[PDB]
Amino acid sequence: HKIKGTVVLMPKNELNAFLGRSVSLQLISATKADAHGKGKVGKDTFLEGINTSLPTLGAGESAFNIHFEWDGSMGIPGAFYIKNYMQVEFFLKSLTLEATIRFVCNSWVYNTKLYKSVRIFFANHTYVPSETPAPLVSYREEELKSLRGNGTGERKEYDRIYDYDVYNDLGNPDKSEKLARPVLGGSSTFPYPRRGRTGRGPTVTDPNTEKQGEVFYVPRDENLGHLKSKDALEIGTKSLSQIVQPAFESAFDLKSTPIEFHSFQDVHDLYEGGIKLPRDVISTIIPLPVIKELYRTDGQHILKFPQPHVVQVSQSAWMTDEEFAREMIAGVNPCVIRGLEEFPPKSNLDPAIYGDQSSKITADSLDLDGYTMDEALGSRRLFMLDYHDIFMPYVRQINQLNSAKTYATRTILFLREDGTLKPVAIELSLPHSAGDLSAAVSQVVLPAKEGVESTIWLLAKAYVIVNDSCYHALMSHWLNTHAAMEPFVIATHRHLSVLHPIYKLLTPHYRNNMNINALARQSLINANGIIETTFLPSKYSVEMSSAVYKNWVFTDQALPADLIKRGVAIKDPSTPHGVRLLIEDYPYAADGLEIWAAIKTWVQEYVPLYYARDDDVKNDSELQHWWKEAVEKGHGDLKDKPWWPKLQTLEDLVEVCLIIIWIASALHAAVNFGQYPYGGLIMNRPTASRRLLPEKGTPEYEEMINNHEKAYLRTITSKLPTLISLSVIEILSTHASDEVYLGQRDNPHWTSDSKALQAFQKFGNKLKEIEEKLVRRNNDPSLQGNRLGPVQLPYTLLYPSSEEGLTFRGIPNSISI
């Protein structure tokens, strides 16, 4: 009596050597236990041969036949051990036992000698702890214990140990004191989400900073391999910082290309005829995977970037006040604008430190289309993009840097009767303290279409967008998605068994997150990394995100809560989503509520399948340990806050899962995939400002009058950092062809529970339904103003589906790039 089995695997390089005694499997009983209650284990069974039957098997996968000596007396198998005797590791896809038991593995199996304990895999059945078959209970807990490790040791490539550590690996003090950075996390001064522990040990000069490493470890299965090298987008950041950036820098050091852009056409040239660079620079770029997909080239001297979506219909539309305001609700960073319910706007900052903080904007100077200020306030037509209190504490130190000058800005917006937003004033604030050496002062700038006044207003918009791009990159994007999510990924693997229903519900939403984050700590947010060298704050960039994290609230990440907290919607039970938008045609929010509702329905239908009552949640030992750790360790610097859900009810479980899935999928997609589409034209999304407004009677002032484009270009991001920044956002705005989107799973057998599978199928049908609805919105002529704007760019960032590439649409399951 033998059990026919089929093993599917993928050789490292993407067959006969797997035969003989190279690979052994041992079935484990889920019903028959030894003298210790542990499922009985069969004999070592090696692969018998290659199965070349079923056409249903692609992706460089190969199937192997195998038969197990398993009598009905050994009970029913529910798990199995596997040992790889070969030198090289292989990727185990699955095991299928006929007469059907399925095992979804998708895990790298290294040589048996590298493992402390034998790799164990479970059948695709789902069990809360109290439902674990008795013979698998100890195996279940031992595997979790193996995943947690002991909190010590330098992690190796094949390790599968999940643990936490602070952000003490960004500075490079051993190379230079100038690259020393404060540790983020673990202090009241610098609170911060934790990240995955790597354990490389301390630097030589600072026992609190982790030494450098050529490879930043992530548990093995978190490091996603790809069939196509072009899909390994995450490695592009490393290549860009380590290889391409130096190549670009040499071209400028050698004066082979003008150091600065001299006109707007010089910028447009980048995606038209291209930029000519030294042959050796082109040759350095053209052969790199991922990087070579970023530019078209003649193979000799030309690099051509792709035409950004924002200029595809009108190359000048970005300069309109209409587009400036529209992007606050349908642009790359559509989630910062707030309702303004009083006037003038107020500040909570200390005047003793920054000087009188009262606003200089006068109500009578504003054009509110005939409305009085009281009418605008009462009708909820006044809004603002407020970076005054956020930036003021950092303005002095930023402006002390050689090539950086910024203002803490505030923009007032009026919601017109036609439903579009219009900018009516920009306040450019600077701190003032007795003894300041600078004579520059704060000022208010009003809209202007002609003369030098129009140039000053255009520059004021640039200062505002430099604040916005910095806040978007560091807070809306990095902190709120990438960084805030990692602690939950770690806790999930450490406390929820692969058999756990919540593990199955949440893990698809973590795909590639730890991997891109580790590569980010190494090349994106590190000392002298991409962000520090391309954005305004320089060496103060990441710590600014720590200051902002002091105010991060998990429950305020829920879309309705966010909209209400920002004063852009009010609670209204008579509405489908329970909230009424104050800007009715707010694309991000309107489309977002649809996706939010679909995820909610899915979570509300899934949870009840495994938890009947609130008591079943309080009594799930794994679930309680998971949440307790996620909060007290993962986001431990905020463990003293009262807003954390308790997770003692079905309601709380649904809430926590819904928010986690929202952040990982739709929120990240909405703030991530519009980076190159909107920011690919540096004038539309400047990452830095290098000078304050000029004083009358100076050559700089005369320049605003005689050469406004040059005045603008000298103020924003320089040409070299612009080339580096455009390259990184082009990578980050690209969808890998092997992405798994919302409504999809990487395997149709993730669970054997038909009820869960049916619920998931309904969720995907609902997303398709939603996409048709969003298409109708974009085609509705009455919504053209905010959904398309003068740039005529349909808001498709929350469309659920997408083909590969730089598409400006599609919601992946996770923070995958």
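Residue numbers here begin at 1 and follow the sequence given.
Colleague: How many residues sit between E804 and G805 in the deposited sequence but have no coordinates: none, 1 to 3, 4 to 9, or 10 or more?
Modeller: The entry has no gap there; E804 and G805 are joined directly.
Colleague: Look at the stretch from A99 to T100 and count the residues of the deposited sequence that the entry does not model, then pick none, 1 to 3, 4 to 9, or 10 or more.
Modeller: Some 4 to 9 residues are missing between them.
Colleague: Do the CA atoms of 291 to 299 or those of 128 to 136 have the higher mean B-factor in the entry?
Modeller: Comparing 291 to 299 with 128 to 136, the higher average CA B-factor belongs to 128 to 136.
Colleague: Mean C-alpha B-factor higher for 258 to 266, or for 673 to 681?
Modeller: Result: 258 to 266.
Colleague: With respect to the C-alpha temperature factors reported in the PDB entry, which of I595, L650, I235, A590 ranks highest?
Modeller: Most elevated C-alpha B-factor of the set, per the entry: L650.
Colleague: Based on what the PDB entry reports, which of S438, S454, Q400, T555 has the top C-alpha B-factor?
Modeller: Among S438, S454, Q400, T555, the PDB entry lists the largest C-alpha B-factor for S438.
Colleague: Which third of the chain holds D585 when residues are ordered by C-alpha B factor: lowest, middle or highest?
Modeller: Answer is middle: the recorded C-alpha B-factor places it there.
Colleague: Going by the CA temperature factor in the PDB record, which third of the chain does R279 belong to: lowest, middle or highest?
Modeller: It falls in the top third of the chain.
Colleague: Just say lowest, middle or highest third for the CA B-factor of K766 relative to the other modelled residues in its chain.
Modeller: For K766, the deposited C-alpha B-factor lands in the middle third.
Colleague: Please rank the C-alpha B-factors of the chain's modelled residues and tell me whether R494 sits in the lowest, middle or highest third.
Modeller: Its C-alpha B-factor, which the entry lists for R494, ranks in the middle third among residues of this chain.
Colleague: Splitting the chain's C-alpha B-factors into thirds, which one does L788 fall into?
Modeller: Lowest third.
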